[PDB]
Amino acid sequence: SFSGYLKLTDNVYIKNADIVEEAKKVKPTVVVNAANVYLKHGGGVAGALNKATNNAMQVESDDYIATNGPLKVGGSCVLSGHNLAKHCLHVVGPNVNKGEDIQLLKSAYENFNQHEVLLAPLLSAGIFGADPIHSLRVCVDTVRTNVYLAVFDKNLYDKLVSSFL
């Protein structure tokens with residue numbers, strides 16, 4: 001199971017880790033992807049998860065978009081986890097660098113409540129432009145299921161833990 005996590009609340013845990021490496025080690029039931037509405041996994045967490053699947057995540061995602069159209073900001077879809085997990089929950093957090101409504105971050109985290117346990121990144125953090133401290137607060141105040149957060153950046157992980165109210 002998950003090892004080396006710091007417990008923040010009854011249901012939220014955090015670790016300084018690369019989520020791709022964490023997924024390959026744990027092979028959790030659900031890994032969360034920091035997706036965009038088009039499921040174009042170019043950079044950040046999505047690019048790293050897709051590259052780990054040898055682009056199979058992108059091929060599956062393009063077929064999903066061709067059939068269903070784009071996701072909504074704040075929405076999600078469940079696809080295969082390929083070699084990383086049983087399932088990948090592609091969740092679209094608001095991209096602040098695209099002027100998307102930061103209020104949609106709570107709706108994005110609500111998707112996690114449909115899964116008993118998840119390995120996830122902080123939504124809208126990184127290249128999505130939101131404040132990761134704010135993302136962690138929305139996470140602990142919205143998610144009720146067991147969420148294991150993987151924060152790639154050590155300096156950000158330390159800042160998140162030391163500032164956690």
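The first residue of the sequence shown is numbered 1, and numbering continues consecutively from there.
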Should [X] and [Y] count as side-chain neighbours, where that means a heavy-atom distance under 4.5 Å?
X: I65; Y: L71; value: yes
X: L160; Y: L8; value: no
X: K40; Y: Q58; value: yes
X: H134; Y: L105; value: yes
X: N36; Y: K98; value: yes
X: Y157; Y: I14; value: yes
X: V78; Y: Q114; value: no
X: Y109; Y: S135; value: yes

State plainly whether one hydrophobic cluster holds both [X] and [Y], where clusters connect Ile, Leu, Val, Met, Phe, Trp and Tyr through side-chain heavy atoms under 4.5 angstrom apart.
X: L122; Y: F152; answer: no
X: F2; Y: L49; answer: yes
X: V138; Y: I127; answer: no
X: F112; Y: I102; answer: yes
X: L149; Y: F128; answer: no

For [X] and [Y], which heavy atoms make the closest approach, and how far apart are they?
X: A17; Y: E22; result: CB-OE1, 3.8 Å
X: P28; Y: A23; result: CD-O, 3.7 Å
X: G4; Y: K15; result: O-CG, 3.7 Å
X: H41; Y: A46; result: CB-O, 3.4 Å
X: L156; Y: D153; result: N-OD1, 3.0 Å
X: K106; Y: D141; result: NZ-O, 3.3 Å

Donor-acceptor pair, distance only, cut-off 3.5 Å: does the side chain of [X] make one with the backbone of [Y]?
X: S124; Y: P94; value: yes
X: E100; Y: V73; value: no
X: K159; Y: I133; value: no
X: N68; Y: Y64; value: yes
X: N95; Y: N97; value: yes
X: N83; Y: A52; value: yes
X: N111; Y: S107; value: yes

Nearest 0.5 Å please: distance from the [atom1] atom of [X] over to the [atom2] atom of [Y].
X: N16; Y: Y5; atom1: CG; atom2: OH; value: 10.5 Å
X: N146; Y: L119; atom1: CG; atom2: CG; value: 13.0 Å
X: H87; Y: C77; atom1: NE2; atom2: SG; value: 12.0 Å
X: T145; Y: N11; atom1: OG1; atom2: CG; value: 7.0 Å
X: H82; Y: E60; atom1: NE2; atom2: CD; value: 3.5 Å
X: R137; Y: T142; atom1: CZ; atom2: OG1; value: 10.0 Å

For this session: Decide yes or no on side chain to side chain contact (heavy atoms under 4.5 Å, CB included) for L123 and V32, but give the supporting numbers first.
Result: CA-CA 9 Å; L123 299 179; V32 173; 4.2 Å; yes
Exercise. Is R144 salt-bridged to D10, going by a charged N under 4.0 Å from an acidic O?
Worked result: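 Judged by the 4.0 Å cut-off on N to carboxylate O distance, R144 and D10 do not form a salt bridge.
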Problem set entry | Criterion side chain to side chain contact (heavy atoms under 4.5 Å, CB included) on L79 and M57, from CA distance to verdict | CA-CA 8 Å; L79 290 176; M57 176 181 286; over 6 Å; no
For this session: Kindly determine whether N33 and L89 satisfy side chain to side chain contact (heavy atoms under 4.5 Å, CB included), including the steps that lead there.
Result: CA-CA 6 Å; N33 180 32; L89 180 69; over 6 Å; no
For this session: Give a yes or no on whether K154 atom NZ has more than 12 heavy-atom contacts from other residues, nucleotides or ligands under 6.0 Å away.
Result: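 No, the 6.0 Å shell around NZ holds no more than 12 heavy atoms from other groups.
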Exercise. How far apart are the C-alpha atoms of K72 and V37, what are their side-chain angles, what is the distance that settles it, and do they pass the side chain to side chain contact (heavy atoms under 4.5 Å, CB included) test?
Worked result: CA-CA 6 Å; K72 291 164 184 196; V37 298; 5.8 Å; no
Exercise. What orientation do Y148 and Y13 show, parallel under 30°, tilted 30 to 60°, or perpendicular over 60°?
Worked result: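 Ring orientation of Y148 relative to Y13: parallel.
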